[PDB]
Each structure stands twice: as C-alpha cells, then as structure tokens.
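What follows is a pair of forms of the same protein chain, given separately as structure tokens and numbered structure 1 and structure 2.
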Structure 1
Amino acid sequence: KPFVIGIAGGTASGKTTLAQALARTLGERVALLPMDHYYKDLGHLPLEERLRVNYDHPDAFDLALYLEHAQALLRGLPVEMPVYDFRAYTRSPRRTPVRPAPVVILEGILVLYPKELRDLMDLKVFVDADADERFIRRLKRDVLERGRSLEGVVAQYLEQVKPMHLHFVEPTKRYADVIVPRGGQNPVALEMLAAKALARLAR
C-alpha cells in the first residue's frame, strides 16, 4: 500500500513546482499524477466551443479516468496518463506512461474536492498564495507557454478562474492537514514532506 499525498492549491499557487520538487527529490520512489492533464476529451467539439468551456469547474475534469488511474497505481499497476495540450485546447492522442511507486502524488487545483480522492489520501496538502501573486504567475505562464494574450487571460480569469477558485478550490483548504506557503521556494517544507513520504518506507 503506497503512501498517497494530495497537493491542492489555486492555479499558479506553487502546487505544481512543489509537487515536482518532491518528485525530483524522491526520484524513482514517486509516481506523480497531475490532475490538470485529466481534462475531459472534448476533441469532438468545435474550437470556439472549447474556448468557452469553464476549465475551473469540477465538471470539466475526467474524474473517472483520474480515479481509475490513482487506484491502478495503488494496486501496483502502470497507467497511460493523458497529456492535455493547452495551446490546442485538446487531449493529445499520445499518452505518457507512469510507473507504480511506493509514494503516489495526486496534484491539481481540485484534487481535494471529491470525497473519492480524499479517501485515498494519507496526507492532504494545500499550497496557499494570495490571488494577486497567483494571477501574476498565471499571466506569465499563460502568455509564455499556453499561447494566450493578456486580454484573454484577464477575461478568462475574471469570468471563470477567480469565481470557480472561490466557490470550489479555496473551500477545499478546510480538508488540508497542512498548508504550505511559498510553494515554489520553501526548502523546509519540501524537506519535511520528503521525509514524511519516506515514513511508510521506513514503516
């Protein structure tokens, strides 16, 4: 039975960088499933419709597939993780393999929203950061990595990201066992989480 760590937080809160830093530190001893790659396959829909979809509402996620994969990893089985293309607004036809590990990390904005996911977690983490600081990083990454314009990032943020964060993401912090500030640069928290992950290993 692998040690499961749930790492939630708002978009650009540092949850991704924290989860990846934990993955790099623990190396081969960790299987990481970023829930942001599990958006539903809406490839059959016209581009214009895909551009309007609310990607911050729980309904936008393929929870069934995410849950299925988490369970497979928990049973020592490999999974074919989907790769979401943020520029094209679609799921890639090619999937990357994720091998089983003694430590499983489930990370994303809404990983603490469904009871089915929380029940699988031994440790629940919420990476906290003020909305203004997150918007800043969100704006930069969207423009530099996801082919978005400032105008588009603003429209989407105010009309979807922010409302959904307050309604769905933020409240899940109530389920967190530990809250981690400065997620993209917190050596002490990183080292501590890495040690706790090796707790079940040491038994």
Structure 2
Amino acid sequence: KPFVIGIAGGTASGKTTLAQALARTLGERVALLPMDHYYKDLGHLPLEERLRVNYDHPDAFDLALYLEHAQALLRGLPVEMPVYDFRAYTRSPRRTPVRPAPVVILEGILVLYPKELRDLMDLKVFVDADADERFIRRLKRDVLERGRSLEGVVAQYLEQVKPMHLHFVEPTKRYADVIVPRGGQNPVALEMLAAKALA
C-alpha cells in the first residue's frame, strides 16, 4: 500500500536534488533510499582497488541488498541503510535507520535498470539532462567545491562515467512513466510529483 516512486537519471542530472526536495516537501511521511548508499562492500580488497572500481557499473552495486531494503519498506518494515566510509572508500559498519513510511522514494542512476525494482514502483521518473550539462555540474562541484583537479574529473568522467551512462543508464529512460528535465531547478515537475504522492 505505500506509494513507491523510482527516480533515475544520469550522474549529476539533478535526480538527487529532485528526490531530496521531494522528501523535504513530504517530511517524515517519506523513506528515501539512495542507490549510491548501496555499493558493494569491498573491504577485502586493498585500497589499490576501491576508487579504482567503476562505481557506475551495475556490478558495483549491491543490487540484492537494495531490493531487500526496498521490499522491507514496502511491507512496512524499517531498514538499516548502509553508511559509506568515504574516508577509506568501503562500506562503513555504521547503519543509518530508515523508518517505514506511506511513501517510498528509490533514487539512483540504476534504480530503473532491474525489472524486480521497476515492478515495485507506482511511479517511474527519469531525470533527463544532456551529457555536456551533466559533466559541467559534476565539474563545478568537484573542482570548485571539493577541490578536485580538472584533469582527474575529466579522466574519471570519460573512462568511467560516460561509458556506463551510455551503456546502462540512458537506455532505462524508456521505462519511465514521466521524464523530467532540469531536475535540480523545475518547480512545476516537483509540484506534480508531490501532489500525486499526497494522494
């Protein structure tokens, strides 16, 4: 019976801001599950790998765990969402609690990739943005805010992000019920999504 909204789109497409805004509009009546909070725990491998891994490939995601959490929230059961130790680039043993709610938001680049996930959604959304605009947003954030080097941002985008978006993320757009452009700055679409939820 809880309302399930899946929100997909490219990295830095504004899908995150869109989901975060949707949640804040509904307050404690929601349960947001960020797929990026579900990378495969690779503590066993050295820090040689990890960071060297393609975090945009489906195999990098602990799909099984995500689905389970999605299913629990659906059956009114609270989950222990995984906290990521970005200090060592491995899943932190710390667990952030997610109280079940009448409306559930599943957002992430591959939230529309698996059928078992799509079937759980009452509403499917794809945040669309052009590659150049998505690259620019990620750029401005990493270089201007996070102090990353220009060169590094370019390389990581080209060898890791772009090939994954084209091969896995982009095709999932045809499964969406609604496609939202300018996901980070689109009051109308936000309103439409919230109103449907409040039903």
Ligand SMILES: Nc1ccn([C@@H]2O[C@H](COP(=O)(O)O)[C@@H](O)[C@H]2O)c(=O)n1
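Numbers follow structure 1, counted from its first residue as 1. Basically, rigid core = biggest C-alpha set you can superpose within 1.5 Å across the two forms.
Between structures 1 and 2, only structure 2 derives from the form solved without the ligand. The comparison between the two structures, aligned on the rigid core, picks out a single residue among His57, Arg146, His37, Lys173 whose CA moves by 2 Å or more, and that residue is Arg146. Annotation: Cα of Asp122 displaced by less than 2 Å between the two structures, core superposition. Relative to the superposed core, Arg94 shifts its CA atom by less than 2 Å between the two structures.
In the core-aligned comparison between the two structures, the Cα atom of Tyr84 sits 2.0 Å away from its counterpart.
Comparing between the two structures on a rigid core frame, one finds that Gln156 has its C-alpha moved by 1.5 Å.
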